[PDB]
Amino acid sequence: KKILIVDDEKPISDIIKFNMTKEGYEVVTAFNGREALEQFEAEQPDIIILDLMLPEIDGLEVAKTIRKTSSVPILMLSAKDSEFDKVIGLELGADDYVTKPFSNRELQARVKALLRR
């Protein structure tokens, strides 16, 4: 299965890529909202882990845009942890929303849960 990791912070992207690689997933990365939409269209990932505070296009806009044509599972992963943040992310189409800092094991379990459908 292929995972697209969207995060503008390379250190965070690297930790998630390391962990998902360990589970046997193919990993593709994007460092801004524009790269996120470009990788989504070119790679057709099976699941997207999506940061919200991103340059060019924010994660909420990336999710809304992607939802116009795809039901690809989206797991939002952000330091933004307010009730409004989680509710709007889910209402715009996210299937799950995890806050930073996060547990690598819990992220792995939620990706498996989403892929399980």
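Don't overthink the numbering: it's just position in the shown sequence, from 1.
The PDB entry records a higher mean C-alpha B factor for 64 to 72 than for its counterpart among 64 to 72 and 47 to 55. Taking only CA atoms, the mean B-factor in the PDB entry is higher for 17 to 25 than for the other of 17 to 25 and 89 to 97. Per the PDB record, residue ranking by Cα B-factor puts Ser78 in the lowest third of the chain.
Ranked by C-alpha B-factor against the other modelled residues of its chain, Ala113 falls in the highest third.
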